[PDB]
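Content type compact mmCIF, C-alpha atoms, from the file upload.txt:
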# COMPACT_ATOMS: atom_id res chain seq x y z
CA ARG A 1 0.00 0.00 0.00
CA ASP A 2 3.05 2.26 -0.33
CA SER A 3 3.44 4.16 -3.57
CA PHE A 4 6.85 5.44 -4.63
CA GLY A 5 5.21 8.78 -5.33
CA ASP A 6 4.01 8.90 -1.73
CA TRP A 7 7.47 8.40 -0.25
CA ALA A 8 9.14 10.52 -2.92
CA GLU A 9 6.85 13.44 -2.06
CA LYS A 10 7.67 12.89 1.62
CA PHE A 11 11.39 12.79 0.81
CA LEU A 12 11.01 16.03 -1.14
CA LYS A 13 9.18 17.64 1.78
CA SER A 14 11.75 16.15 4.16
CA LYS A 15 14.69 17.80 2.37
CA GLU A 16 12.67 20.98 1.99
CA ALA A 17 12.28 21.00 5.77
CA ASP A 18 15.91 19.88 6.15
CA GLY A 19 16.99 23.14 4.60
CA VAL A 20 18.42 22.35 1.19
CA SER A 21 18.68 24.97 -1.55
CA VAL A 22 15.54 25.38 -3.68
CA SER A 23 17.52 24.50 -6.81
CA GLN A 24 18.76 21.39 -5.01
CA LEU A 25 15.26 20.51 -3.79
CA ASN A 26 13.89 21.04 -7.31
CA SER A 27 16.64 18.71 -8.53
CA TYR A 28 15.26 15.89 -6.37
CA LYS A 29 11.75 16.69 -7.60
CA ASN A 30 12.92 16.59 -11.22
CA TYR A 31 14.62 13.22 -10.67
CA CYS A 32 11.49 11.55 -9.30
CA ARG A 33 9.13 13.38 -11.67
CA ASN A 34 10.93 12.91 -14.98
CA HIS A 35 13.35 9.99 -14.71
CA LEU A 36 11.65 7.96 -11.99
CA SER A 37 8.30 8.89 -13.53
CA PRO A 38 7.41 5.19 -14.25
CA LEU A 39 8.34 4.39 -10.64
CA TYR A 40 6.44 7.36 -9.19
CA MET A 41 3.17 5.70 -10.24
CA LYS A 42 4.23 2.30 -8.91
CA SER A 43 4.15 0.85 -5.43
CA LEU A 44 7.35 -0.14 -3.63
CA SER A 45 6.41 -3.80 -3.99
CA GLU A 46 5.78 -3.27 -7.71
CA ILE A 47 9.25 -1.84 -8.26
CA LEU A 48 11.89 -4.15 -9.66
CA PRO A 49 15.67 -3.81 -9.17
CA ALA A 50 16.24 -4.40 -12.89
CA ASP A 51 13.41 -1.96 -13.63
CA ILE A 52 15.37 0.85 -11.99
CA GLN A 53 18.41 -0.39 -13.91
CA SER A 54 16.27 0.04 -17.03
CA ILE A 55 15.71 3.71 -16.19
CA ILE A 56 19.48 4.12 -16.01
CA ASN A 57 19.73 2.52 -19.46
CA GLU A 58 17.23 4.96 -20.93
CA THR A 59 18.76 7.96 -19.20
CA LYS A 60 21.74 8.88 -21.33
CA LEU A 61 23.43 11.66 -19.41
CA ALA A 62 26.73 12.34 -17.64
CA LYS A 63 28.07 9.94 -14.98
CA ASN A 64 27.41 12.38 -12.14
CA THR A 65 23.80 12.75 -13.23
CA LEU A 66 23.21 9.00 -13.55
CA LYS A 67 24.57 8.34 -10.08
CA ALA A 68 22.65 11.30 -8.68
CA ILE A 69 19.40 9.76 -9.91
CA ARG A 70 20.22 6.43 -8.27
CA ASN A 71 21.47 8.09 -5.07
CA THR A 72 18.22 10.05 -4.85
CA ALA A 73 16.20 6.85 -5.25
CA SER A 74 18.35 5.10 -2.65
CA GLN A 75 17.58 7.82 -0.09
CA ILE A 76 13.86 7.59 -0.86
CA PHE A 77 13.88 3.80 -0.44
CA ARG A 78 15.87 4.20 2.78
CA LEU A 79 13.11 6.43 4.15
CA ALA A 80 10.64 3.73 3.18
CA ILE A 81 12.83 1.14 4.93
CA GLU A 82 12.83 3.41 8.01
CA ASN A 83 9.05 3.04 8.19
CA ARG A 84 9.54 -0.54 7.00
CA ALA A 85 7.27 0.06 4.01
CA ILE A 86 9.82 -1.79 1.91
CA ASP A 87 12.27 -4.35 3.29
CA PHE A 88 15.23 -3.63 1.01
CA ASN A 89 16.85 -1.07 -1.28
CA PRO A 90 16.74 -2.18 -4.95
CA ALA A 91 18.44 1.07 -5.95
CA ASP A 92 21.59 0.01 -4.11
CA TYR A 93 21.53 -3.14 -6.21
CA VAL A 94 21.56 -0.93 -9.30
CA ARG A 95 25.01 -0.51 -10.79
CA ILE A 96 26.08 2.42 -12.94
CA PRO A 97 27.40 1.12 -16.29
CA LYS A 98 30.94 2.22 -17.07
CA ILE A 99 31.02 1.91 -20.84
CA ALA A 100 34.30 3.71 -21.34
CA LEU A 101 36.81 3.32 -24.12
CA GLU A 102 40.14 5.12 -24.00
CA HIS A 103 39.88 5.62 -27.74
CA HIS A 104 37.51 8.38 -28.82
CA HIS A 105 34.27 7.50 -30.61
CA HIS A 106 32.64 10.08 -32.88
CA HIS A 107 32.76 13.07 -30.58
CA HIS A 108 36.44 13.90 -30.29
Transcribe the structure of this file into structure tokens.
Amino acid sequence: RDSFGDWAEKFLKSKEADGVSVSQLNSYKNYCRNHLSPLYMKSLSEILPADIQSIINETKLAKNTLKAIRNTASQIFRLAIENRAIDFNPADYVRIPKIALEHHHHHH
């Protein structure tokens, strides 16, 4: 009975009350709204570890951004674990792909 959107909104409000910068707070909101959008409408029990990994596959941005998305999710799941809504953190099972060749591709 615990939707990711529920806990995400609480996490957002939590950090807003914690005293983070508005731009920073809006960053969290953007992560859960845009990237974790499919998850936001799902329940914690309906969220798959490989499903989050799929979001990382579809999100094609810089390393820092990819990890930031996952880190944000991890913190949200941790909050859920605090209330014991979910029993584990699938986001911490998500690994950030390091597809990196020393030789340049098309973009020099």
Quote the spacing between atom CA of residue 89 of chain A and atom CA of residue 39 of chain A in Å to one decimal place.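 Going from atom CA of residue 89 of chain A over to atom CA of residue 39 of chain A covers 13.8 Å.
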Using all atoms listed in the file, the residue out of A:20, A:66, A:81, A:41 with shortest distance to residue 5 of chain A is A:41
So, counting all atoms listed in the file, which residue among A:88, A:77, A:40, A:93 is closest to residue 6 of chain A? A:40
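Distance annotation: of A:53, A:21, A:34, A:45, the residue with the minimal separation from residue 86 of chain A is A:45; atom set is all atoms listed in the file.
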When you look at residue 9 of chain A with a cut-off of 12 Å (counting all atoms listed in the file), what residues show up, excluding the ones that are within fewer than 2 positions of it in the same chain? I need them as number ranges by chain. A: 2-7, 11-16, 25-26, 28-33, 40-41, 73, 76, 79-80
May I ask for the distance between atom CA of residue 18 of chain A and atom CA of residue 46 of chain A, given in Å to one decimal place?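 Going from atom CA of residue 18 of chain A over to atom CA of residue 46 of chain A covers 28.8 Å.
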Please list, as number ranges by chain, the residues that have an atom at most 12 Å away from (29.7, 1.5, -19.5) in the coordinates of this file, counting all atoms listed in the file. A: 56-57, 60-63, 66, 95-102
Using all atoms listed in the file, which of A:83, A:108, A:70, A:91 sits nearest residue 10 of chain A?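 Going through A:83, A:108, A:70, A:91 one by one, the smallest distance to residue 10 of chain A is for A:83.
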